[PDB]
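Asker: Here is the sequence, then the experimental structure:
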Number of protein chains: 2
Amino acid sequence: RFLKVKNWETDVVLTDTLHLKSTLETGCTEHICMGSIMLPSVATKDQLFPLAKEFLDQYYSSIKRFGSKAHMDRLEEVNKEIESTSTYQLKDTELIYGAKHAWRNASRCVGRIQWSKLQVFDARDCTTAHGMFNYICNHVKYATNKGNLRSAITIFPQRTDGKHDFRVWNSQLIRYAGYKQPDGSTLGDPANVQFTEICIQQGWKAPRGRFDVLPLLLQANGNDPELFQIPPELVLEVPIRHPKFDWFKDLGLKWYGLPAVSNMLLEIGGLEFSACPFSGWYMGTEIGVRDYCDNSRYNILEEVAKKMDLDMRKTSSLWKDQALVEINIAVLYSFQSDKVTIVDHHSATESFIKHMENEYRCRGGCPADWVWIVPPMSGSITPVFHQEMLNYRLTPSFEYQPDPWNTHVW
Amino acid sequence: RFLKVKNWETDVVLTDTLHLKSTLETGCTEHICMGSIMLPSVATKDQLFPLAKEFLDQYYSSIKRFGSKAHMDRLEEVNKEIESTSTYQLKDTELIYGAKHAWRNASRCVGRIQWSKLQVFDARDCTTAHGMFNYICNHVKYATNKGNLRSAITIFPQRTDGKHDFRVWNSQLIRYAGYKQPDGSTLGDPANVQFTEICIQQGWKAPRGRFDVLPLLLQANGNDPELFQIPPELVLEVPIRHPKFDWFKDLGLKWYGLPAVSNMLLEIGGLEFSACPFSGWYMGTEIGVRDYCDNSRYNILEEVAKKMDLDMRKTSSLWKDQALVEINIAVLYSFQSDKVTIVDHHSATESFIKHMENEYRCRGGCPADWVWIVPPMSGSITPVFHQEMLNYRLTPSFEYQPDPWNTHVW
Ligand code: HEM
Ligand code: HEM
Ligand SMILES: N=C(Nc1cccc(CNCCc2ccc(-c3ccccc3)cc2CN)c1)c1cncs1
Ligand SMILES: N=C(Nc1cccc(CNCCc2ccc(-c3ccccc3)cc2CN)c1)c1cncs1
Ligand SMILES: C[C@H](O)[C@H](O)[C@H]1CNc2nc(N)[nH]c(=O)c2N1
Ligand SMILES: C[C@H](O)[C@H](O)[C@H]1CNc2nc(N)[nH]c(=O)c2N1
Ligand SMILES: [Zn+2]
């Protein structure tokens, strides 16, 4: 009931008691571990108050006023609001706490050493897609900060009945389009082929190229979603060059500076925020390994190995690995030479171990998803490979949610 | 009760029903996933017969004579032997089945496409450490096969009372020694510093160098273990050169051809074989990434990056990654140019996916430990990174066991 996690590169042992506070379930059982399943699986007033109480008890505990008078009155006040409306409203402070701790609690996120320095934009007064556009533009501008990127989240009104959701239909605020071709190939980002055509369905005039920034498809208060184009000046992009290979620029690769996930759901005290785009900055491998080198993505190991004049005749020449390192040196170099925030997988994984020690010390644990924390290349030469991690579900939290076009009564 | 695993690089879906046959437990619960914990945790006649029956039922099922007369007689015969002796003896055929399926069931093993082509050496008539030496030498000679390596297992007598165990005290039949220095550094393999000194305690005269093959410490029928030196001619080694960098030979690196784990316990029908050294061949990354480049192992990223004249001033130059690829190209090249069996992580992981499809098809599942199946470099450019895997414990199985010097009443 007081579990131990060991680091086998350092022989460091941390004791986890925070998992005792875990509420949700993991997918694993006593007889089957589901740690590698990608996705693991209306709210009534009866279920709502325990969740509110739990949250308010940790909120008031954190500001060193647990059991104080303001706590009991707020507990009473939220119960009375749940009785009347079968829901309730968070104070601005409780909203900022919840979002920060949802990030703190995101076990798949290696970037959490920064969780307390999160900028919370309260967009709960928003009523229209245009207002969402406005809020999102201000989010992008603020988080981008001329390349000195800043963590931020914009929180649209919470789900109520269920038929009146706010959704950003983009999976990220800034993504490149993906078009299939006559010959069945894929121009741009294959990940977004369906979403690109959804925008073309709703009326997007596509500039059928590679790195075309998709429009925003914004649904407000359950209404049908509406297209908006982010001002190009707000979309900071990095052309990818290599510090040695001058042909690398001829690849014409570029990526956007700001990673901003917009398809997740934020849970705070049983309240559900279906539109809560959050942004930080990139770990280099996200672009250089996954985005560029996944087979089902841009898939450029082919061309880079060619230009490096690599032995591509069999697997065992490791030409794939060799080109993968050059690509990631190029992403990091390009971002840093442009003063656009980025972190290499070595710095970020070391920071995550330091983060883990802090959390185990000043919190009794740190839920962590090894499958997702270990970077997609160079696993074992980073310290997280050798770090045992306990995964468990704490709340406030970020949850997955269906794509809105699969669920929306149209 | 009929779980689905998806490959997200291929959109392939496999349905797992074999997990229903799972007996042991995983360490995970509904509320906590332990998929990244390295190690997860006398036998009476009462518990013994269900385990025998279970095993014999799958054995006779596999030879298409389940419920036949020979099955019932063997079930009766083993029950009568458990009644009399509170244990029993496997037929040679049942021993070969059990070992093969223990390997088939090893969820952390990416090499299992070969599980049915395993050479089983029955050493259950062995009574002394010298007989163990003999058997082990013949194992090494056979499995090595002049570089055309062959899978094999040597199975010493099963545990009886518990105080009469056969143990190989080496973690692998062939490992390099590790010596600490006056300046507290480490010559050779730091992994084996304690075991190297244990041999020096029992009387090994150490040639305090780098790649000194350790002696065998063999315990037979519970007696104190005894030192034996494998004939050098039986120990096949590969000098590590690079196909491009001629200074690479000046590193003077070499590794042994034959990976043969000797510290695990083989469970077959409730019977426990505490000495069961098994060998196959190397996946390249085991040597080139873990053995050479773990901080707590040979730790040669330092020197290789130096000779490559790499920018070693900060992490973000990826000099560590770059040197890691060159080292693994060198291991694969050196082994292949010497006709010593080796498999690169690309070929082995592709084979494991093919293996998985076979098992799900002709067996309903394949327990798999993603944390261990994904190679320690280039994770996501291999197909197992994108493959969801269910981990669960099937028997016959290979289990960990305490190091014998921690348990042996001396
Ligand atoms: C500040 C720099 C940040 C870095 C370097 C970072 C890095 C990462 C990485 C590499 C992942 C793995 C997911 C993937 O590979 O697609 C991840 C996951 C995640 N991050 Fe962070 N992140 C940062 C900021 C944030 C912020 C500000 C939030 C929330 C406010 C957040 C919440 C999450 C969540 C919920 C996941 C899980 C995603 C999923 O399950 O698909 N991260 N992060
Ligand atoms: C034939 C070629 C083989 C290859 C390429 C191979 C490869 C691997 C690799 C890379 C691992 C990961 C463990 C580590 O990184 O230390 C592993 C684990 C394992 N293998 Fe295989 N193996 C082979 C043969 C065998 C055989 C013949 C057996 C048993 C008879 C076996 C049983 C196991 C077991 C029990 C584990 C889990 C080890 C642990 O939990 O520490 N393997 N294998
Ligand atoms: N630095 C960052 N990174 C990052 C952080 C959180 C989440 C993500 C993206 N996580 C996507 C995981 C995923 C989910 C679904 C599918 C998928 C694909 C096809 C069909 C169905 C589902 C695929 C993937 C990744 N293959 C990136 C940041 C982005 N914002 C703030 S920080
Ligand atoms: N190709 C092969 N590979 C392979 C297969 C099975 C097992 C292994 C070795 N698995 C070792 C995992 C391990 C266990 C304990 C400790 C440890 C270290 C210090 C203290 C306590 C425990 C460390 C490690 C690895 N870091 C390699 C083969 C070897 N034979 C036949 S195939
Ligand atoms: C099958 C597997 O769960 C899937 O590919 C996961 C593995 N680990 C990951 N880790 C990160 N950071 N991002 C991912 O998309 C994935 N994908
Ligand atoms: C903490 C973690 O479980 C540990 O380092 C594991 C991770 N995955 C591994 N995978 C393999 N193949 N071999 C290992 O030694 C390990 N070590
Ligand atoms: Zn699990």
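Answerer: Looks like it came in fine. Numbers count the residues shown, from 1 in each chain, chains lettered A, B, ... in the order given. Ligands and ions are numbered 1, 2, ... in the order given.
Asker: What residue, apart from its backbone neighbours, is nearest the residue of the stretch 251-400 of chain A found nearest ligand 7 spatially?
Answerer: As assessed by C-beta to the ion, ligand 7 sits closest to residue A:391 within the stretch 251-400 of chain A, at 7.2 Å. In short, each C-beta sits where N, CA and C put it, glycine included. Spatial nearest neighbour of residue A:391, chain neighbours left out: residue B:33 (4.1 Å); criterion: C-beta to C-beta, 6 or more residues apart in numbering or on different chains.
Asker: Could I get the contacting residues of that neighbour?
Answerer: Counting by C-beta atoms under 8 Å, 6 or more residues apart in numbering or on different chains, residue B:33 touches A:26, A:27, A:28, A:33, A:34, A:35, A:369, A:390, A:391, A:392.
Asker: What backbone torsions are found at it?
Answerer: Backbone torsions of residue B:33, given as degrees, to the nearest 10, read phi -100, psi 130.
Asker: Likewise for the one 10 residues further on?
Answerer: Residue B:43 has phi and psi values of phi -110, psi 130 when expressed as degrees, to the nearest 10.
Asker: residues near the closest residue to it other than its chain neighbours, how many?
Answerer: What sits nearest to residue B:43 in space, not counting adjacent residues and going by C-beta to C-beta, 6+ apart, is residue B:270, at 6.4 Å. Other residues near residue B:270 come to 22 when the count uses other C-beta atoms under 10 Å in any protein chain shown.
Asker: so residue B:270 makes contact with residue B:51?
Answerer: Yes: contact between residue B:270 and residue B:51 holds when scored by C-beta atoms under 8 Å: they sit 3.0 Å apart.
Asker: Residue A:65 contacts residue A:71, correct?
Answerer: Yes: in this structure residue A:65 lies within contact range of residue A:71 using C-beta under 8 Å: 5.9 Å.
Asker: In terms of neighbours, single out the busier of those two.
Answerer: Taking neighbours as other C-beta under 10 Å, residue A:65 and residue A:71 compare with residue A:71 leading, 17 against 13.
Asker: In contact with that one, which residues?
Answerer: Counting by C-beta under 8 Å, 6+ apart, residue A:71 touches A:56, A:57, A:60, A:65.
Asker: Quick check: it is in a helix.
Answerer: Yes: the assignment for residue A:71 (DSSP: H, G, I helix; E, B strand; the rest coil) places it in a helix.
Asker: Tell me the spacing between residue A:342 and residue A:248.
Answerer: 17 Å (C-beta to C-beta, to the nearest Å).
Asker: The two: which is more packed in?
Answerer: More crowded of residue A:342 and residue A:248, by other C-beta under 10 Å: residue A:342, with 26 against 22.
Asker: List the contacts of that one.
Answerer: So residue A:342 contacts A:281, A:282, A:283, A:284, A:331, A:332, A:335, A:336 (C-beta under 8 Å, 6+ apart).
Asker: Just send these back as a markdown table, with secondary structure too.
Answerer: Converted to a markdown table, those look like this (three-state DSSP):
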| residue | secondary structure |
| --- | --- |
| A:281 | coil |
| A:282 | strand |
| A:283 | strand |
| A:284 | helix |
| A:331 | helix |
| A:332 | helix |
| A:335 | helix |
| A:336 | helix |
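Asker: and these as a markdown table, adding distance to ligand 4?
Answerer: Converted to a markdown table, these look like this (distance: C-beta to the nearest ligand atom, whole Å):
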| residue | distance to ligand 4 |
| --- | --- |
| A:281 | 33 |
| A:282 | 31 |
| A:283 | 25 |
| A:284 | 27 |
| A:331 | 30 |
| A:332 | 29 |
| A:335 | 34 |
| A:336 | 34 |
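Asker: List just the nearest of those to ligand 5.
Answerer: Of all the contacts of residue A:342, ligand 5 sits closest to residue A:283, with 8.8 Å by C-beta to the nearest ligand atom.
Asker: Just to check, that closest one is in contact with residue A:110?
Answerer: Yes: at 6.7 Å, residue A:283 and residue A:110 qualify as touching, with contact defined as C-beta under 8 Å.
Asker: ok, back up a step: which of the contacts of residue B:33 sits closest to residue A:401?
Answerer: Ranked by distance to residue A:401 (C-beta to C-beta), these are led by residue A:27 at 16.7 Å.
Asker: And the closest one, its phi and psi?
Answerer: Phi and psi for residue A:27, reported as degrees, to the nearest 10, are phi 100, psi -30.
Asker: correct me, but it touches residue A:36?
Answerer: No: the criterion here is C-beta under 8 Å, and residue A:27 misses it with residue A:36 at 10.2 Å.
Asker: So for those two, which sits in the more crowded spot?
Answerer: The neighbour count for residue A:27 versus residue A:36, taken as other C-beta under 10 Å, is higher for residue A:36 (25 against 19).
Asker: check contacts around residue A:43.
Answerer: When contacts are counted by C-beta under 8 Å, 6+ apart, residue A:43 touches A:159, A:270, A:272.
Asker: rewinding a little: of all the contacts of residue A:342, which comes closest to chain B?
Answerer: Nearest to chain B among the contacts of residue A:342: residue A:332, at 4.9 Å, using C-beta to the nearest C-beta.
Asker: Number of residues surrounding the closest one?
Answerer: Look at residue A:332: counted by other C-beta under 10 Å, it has 26 neighbours.
Asker: Would you map the helices across the stretch 51-200 of chain A?
Answerer: Along the stretch 51-200 of chain A, the segments classed as helices by DSSP state H, counting those that start in this stretch run A:69-85, A:92-104, A:129-144, A:193-201.
Asker: now those helices in a markdown table, with distance to residue B:210?
Answerer: Converted to a markdown table, the helices of the stretch 51-200 of chain A look like this (distance: least, C-beta to C-beta, whole Å):
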| stretch | distance to residue B:210 |
| --- | --- |
| helix A:69-85 | 64 |
| helix A:92-104 | 46 |
| helix A:129-144 | 52 |
| helix A:193-201 | 54 |
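Asker: Quick one, which of the ones you listed gets closest to ligand 2.
Answerer: Nearest of the helices of the stretch 51-200 of chain A (C-beta to the nearest ligand atom): helix A:92-104, 32.6 Å.
Asker: The nearest residue to residue A:3 once chain neighbours are set aside: neighbouring residues, count only.
Answerer: Leaving aside its sequence neighbours, residue A:3 sits nearest to residue A:16 (C-beta to C-beta, 6+ apart; 4.7 Å). Residue A:16 has 23 neighbouring residues, counting by other C-beta under 10 Å.
Asker: Cross-check the contact I'm expecting between residue A:16 and residue A:4.
Answerer: Yes: counting by C-beta under 8 Å, residue A:16 touches residue A:4, with 7.3 Å between them.
Asker: Quick one: residues contacting the nearest residue to residue A:260 once chain neighbours are set aside.
Answerer: Counting by C-beta to C-beta, 6+ apart, residue A:279 is the residue found nearest to residue A:260 once chain neighbours are left out, at 3.5 Å. Contact analysis of residue A:279 by C-beta under 8 Å, 6+ apart lists A:139, A:140, A:143, A:149, A:151, A:152, A:153, A:173, A:258, A:259, A:260, A:261.
Asker: Please, a PyMOL command that selects the buried ones among those?
Answerer: The buried subset of the contacts of residue A:279, as determined by 16 or more other C-beta atoms under 10 Å in any protein chain shown, is captured in PyMOL by this line:
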select buried, chain A and resi 139+140+143+149+151+152+153+173+258+259+260+261
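Asker: how about the contacts of residue A:279 in JSON lines, adding distance to residue B:87?
Answerer: Below are those laid out as JSON lines (distance: C-beta to C-beta, whole Å):
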{"residue": "A:139", "distance to residue B:87": "69"}
{"residue": "A:140", "distance to residue B:87": "71"}
{"residue": "A:143", "distance to residue B:87": "67"}
{"residue": "A:149", "distance to residue B:87": "66"}
{"residue": "A:151", "distance to residue B:87": "62"}
{"residue": "A:152", "distance to residue B:87": "66"}
{"residue": "A:153", "distance to residue B:87": "63"}
{"residue": "A:173", "distance to residue B:87": "66"}
{"residue": "A:258", "distance to residue B:87": "66"}
{"residue": "A:259", "distance to residue B:87": "60"}
{"residue": "A:260", "distance to residue B:87": "64"}
{"residue": "A:261", "distance to residue B:87": "58"}
